[PDB]
Amino acid sequence: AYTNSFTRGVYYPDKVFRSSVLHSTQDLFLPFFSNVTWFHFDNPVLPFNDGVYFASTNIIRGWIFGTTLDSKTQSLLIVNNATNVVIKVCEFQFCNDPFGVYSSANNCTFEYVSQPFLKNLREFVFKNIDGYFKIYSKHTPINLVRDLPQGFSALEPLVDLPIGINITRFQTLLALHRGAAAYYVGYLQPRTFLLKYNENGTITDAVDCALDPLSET
Amino acid sequence: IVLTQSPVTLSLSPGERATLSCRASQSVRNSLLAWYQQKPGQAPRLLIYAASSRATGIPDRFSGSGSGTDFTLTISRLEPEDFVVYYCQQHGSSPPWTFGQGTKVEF
Amino acid sequence: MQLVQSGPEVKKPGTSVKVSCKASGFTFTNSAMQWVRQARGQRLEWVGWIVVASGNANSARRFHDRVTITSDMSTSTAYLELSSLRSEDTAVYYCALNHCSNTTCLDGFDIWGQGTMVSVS
Amino acid sequence: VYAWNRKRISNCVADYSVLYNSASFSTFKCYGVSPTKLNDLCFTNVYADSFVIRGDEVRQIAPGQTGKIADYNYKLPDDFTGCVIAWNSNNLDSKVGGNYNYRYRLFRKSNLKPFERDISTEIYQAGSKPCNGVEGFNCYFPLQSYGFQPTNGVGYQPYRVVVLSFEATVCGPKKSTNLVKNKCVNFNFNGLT
């Protein structure tokens, strides 16, 4: 399946403050009006190539990143158990279909523990540049489950990790009991954006400089 | 573990073939029954190590053969300076790396 | 490749002996010296052995409680002291060493000493 | 020292002033970086390898060093980035009547590669004939326990040795003053001047 990605996937790119300012940035963004993949319960294999815009409608609990799994490479693993998110770079053996999934912890190089935040929609952006892995997020209430809503929201940065690992593949993990869930995946691209910082300092709107000639103007 | 050696004197002619044997009373572990000689009153010296191998620096004419309990020291060419007391070893067991009675290679 | 041993000690049946045995030409690796006591006119005997690197001595059963066979890697020596020095202890004491060819060691006590006429007078 | 404890230290601020200014660590010198200069430099992964050795072979814990502990127990590489803290521990580790809990690897076939942890206590074979894991001639158990006594000299006393190794979430700290308002200051916030 495929769905419109109306204006979503935009995030605060550089951790600074601007007020009532139109600012142009050149950064890995989700292009406007792209087709995003809609997955409705199963969990397939997805390439990472440049970065991920992930969205969802407490079924999913975390993510697995890596290249050559079954323990031959240190794999990023992020699990949110019981008001606690845990991140490890242990060279896990991959299950045939994980969901007990975090078993066989070996050769752990990095470990990290933090607290999570709870008709809602969960937007996340995972990117990996310069050996750093960045997670951006926002929880947005909604009233539709057919497609992504055509409003505007910008994702605050949430987590930085200094890993420096080769990634090209990622997995989502969702807790299995035996009510299906659905999620949306898009990829980021190095495109030029113009961002509109409000009087508070919030990004109110943006345009994509390579979308159509009006936006380029 | 005690080691009994065989004939207590080899009273026979020089320059011929003689056989020396160490009949162990209990089975020697890992075949460690090194063979020494000791001319009377002076320092002994090693001829066979690990119950069959010729020692470094020692010339030919000696031979250790067999393993376990049956055992042979094979001397080929009795020169007059080979008319010496010859000794077993059992440094394989644990304690009492028991020697032999020796013999007397005699003219 | 030579074990220089100490000279003779003329002693008394109430005293104790102290026989040393220095290793010349080389230093002590994990070499496993043994000690052989020869009463004159009798067979060779077995006193005890030291793993020289470890110092784990182990003496024979008739010598179980009254000889301590110590070694020192700093001076490249290995000692022996026998207690109570009875009249049936007049002998020649031989320090026999197993040659270690670095990569390994040998299985035979090839380099010996020269003797120590421990006299009980 | 054969089973030397390694703990990885990361995701924190490493305050080294309480280490250098403790005035209790007898042997302390640093390789590749000055000890008073490493406080304001940031690494990625820090390993604190710790063990107990006799006071003579503290010199054996050094890059480019040959000996017994430096070959069979704990070898530092030549490109060692980090440093070693050793202090006397006679008052804790050397108990009355002898302390034999601490052992060191004495017999081994080959010298250790750097940062290798060898746990196997197989009966070492020094000669030609293998002897199937039983004790005897040319069959040595490779762990000889230290004899630690309060009667022992300074060179024979046990020294708790902690070895730090360095390779970006591992670092020092700073500040200086209060914040200064309504006056011309040439400030420095996080590095921005």
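Bear in mind that the values in this text are calculations on the coordinates, not laboratory data. We place every Cβ from the backbone using ideal geometry, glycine too, and count neighbours over all the protein chains shown.
First select every other residue whose beta carbon is under 15 angstrom from the beta carbon of A:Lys88; then total the charges, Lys and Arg +1, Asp and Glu -1. Show your work: numbers first, answer last.
Numbers: positive: A:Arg61, D:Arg8; negative: A:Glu91, A:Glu111.
Spelling it out: positives minus negatives among the neighbours equals 0.
Before rounding to the nearest 500, sum -39500 (n - 2.57) across all DSSP H runs of length at least 4 in chain A and divide by the residue total; then give [θ] at 222 nm in deg cm²/dmol. Walk me through the intermediate numbers first.
Values: 1 runs with 4 residues, N = 217.
For chain A, the value works out to -500 deg cm²/dmol.
First measure r as the distance between the Cβ atoms of A:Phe152 and D:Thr36, then evaluate 1/(1 + (r/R0)^6) with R0 = 56 Å and state the FRET efficiency to the nearest 0.05.
Numbers: r = 53 Å, r/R0 = 0.95.
Calculated transfer efficiency: 0.60.
Count neighbours as other Cβ atoms within 10 Å of each site's Cβ, and list the chymotrypsin sites (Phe, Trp or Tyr not before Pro) in the stretch D:78-107 that are DSSP loop with at most 12 such neighbours.
Working: sites: D:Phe80, D:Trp87, D:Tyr100, D:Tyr102, D:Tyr104, D:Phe107; in loops: D:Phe80, D:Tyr100, D:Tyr102, D:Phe107.
Loop-located and lightly packed - D:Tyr100.
Taking only the alpha-carbon positions of chain A and ignoring solvent, what does the Debye formula give for the base-10 log of I(q)/I(0) at q = 0.09, 0.10, 0.12, 0.14 Å⁻¹?
Result of the Debye calculation: -0.37, -0.46, -0.66, -0.90.
In a solvent-free Debye calculation with one equal scatterer on each Cα, what is log10 I(q)/I(0) for the stretch D:1-135 at q = 0.13 Å⁻¹, listed in the order of the q values?
-0.68
Quick one: of the DSSP bridges fully inside the stretch A:2-217, what percent are antiparallel, nearest 5? Could you put the intermediate results ahead of the total?
Details: 66 of 68 bridges.
Given both bridge residues lie in the stretch A:2-217, the antiparallel proportion sits at roughly 95 percent.
Provide the net charge surrounding A:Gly51, with neighbours chosen by a C-beta distance below 15 Å and charges set as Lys +1, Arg +1, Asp -1, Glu -1.
Values: positive: A:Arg8, A:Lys127, A:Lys134, A:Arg169, A:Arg191; negative: A:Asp27, A:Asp50, A:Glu123, A:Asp130, A:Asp160.
Its environment carries a net charge of 0.
C:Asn58's amide H: which non-local residues (gap 5+, or another chain) put their own amide H closer than 5 Å, with H modeled 1.01 Å from N in plane and none for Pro or chain starts?
C:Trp49
Let me make sure I get this right: for the stretch A:114-217, a, b and c are the square roots of the gyration tensor eigenvalues over alpha carbons, sorted descending. Under 1.5 in a/c it's rounded, otherwise prolate if a/b > b/c, else oblate. Which is it?
Values: a/c = 1.66, a/b = 1.24, b/c = 1.34.
Since a/c reaches 1.5 but b/c is at least a/b, the shape of the stretch A:114-217 is classed as oblate.
For a 28 Å ceiling on Cα separation, which of these pairs sit above it: A:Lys196/D:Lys175; D:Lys7/D:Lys95; A:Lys134/D:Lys174? Walk me through the intermediate numbers first.
Numbers: A:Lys196/D:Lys175 35 Å; D:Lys7/D:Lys95 26 Å; A:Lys134/D:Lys174 26 Å.
Over 28 Å Cα-Cα: A:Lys196/D:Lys175.
What does the average come to when, for each residue of peptide A:109-117, you count the partner chain Cβ atoms lying within 10 Å of its Cβ?
2
Report for the protein assembly as shown the percent antiparallel among DSSP-assigned beta bridges with both residues inside it, nearest 5. All intermediate terms of the calculation are to be shown ahead of the outcome.
Values: 147 of 156 bridges.
Among the beta bridges of the protein assembly as shown, antiparallel pairing accounts for roughly 95 percent.
Taking Rh as the Kirkwood radius, which is the inverse of the mean 1/r over Cα pairs, what is the Rg/Rh value for the stretch A:33-122? Show your work: numbers first, answer last.
Values: Rg = 14.2 Å, Rh = 14.7 Å.
Here the Rg-to-Rh quotient is 0.96.
In angstroms, what radius of gyration and Dmax does the protein assembly as shown have, counting Cα atoms only?
For the protein assembly as shown, the Cα-based Rg and Dmax read 38.9, 123 Å.
Under a Cβ-Cβ cut-off of 11 Å, what is the net charge of the residues other than A:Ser75 that fall near it, where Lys and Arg count +1 and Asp and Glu count -1?
Details: positive: A:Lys72, A:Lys88, A:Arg169; negative: A:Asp70, A:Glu91.
Result for the neighbourhood of A:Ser75: +1.
Rounded to the nearest angstrom and ordered from largest down, what semi-axes does the equivalent ellipsoid of the stretch B:24-107 get from its C-alpha gyration tensor (root of 5λ)?
Three semi-axes, in Å: 21, 14, 12.
Quick one: grab Rg to one decimal and Dmax as a whole number for the stretch C:2-120, Cα atoms only, in Å.
My reading of the Cα-based Rg and Dmax gives 13.7, 46 Å.
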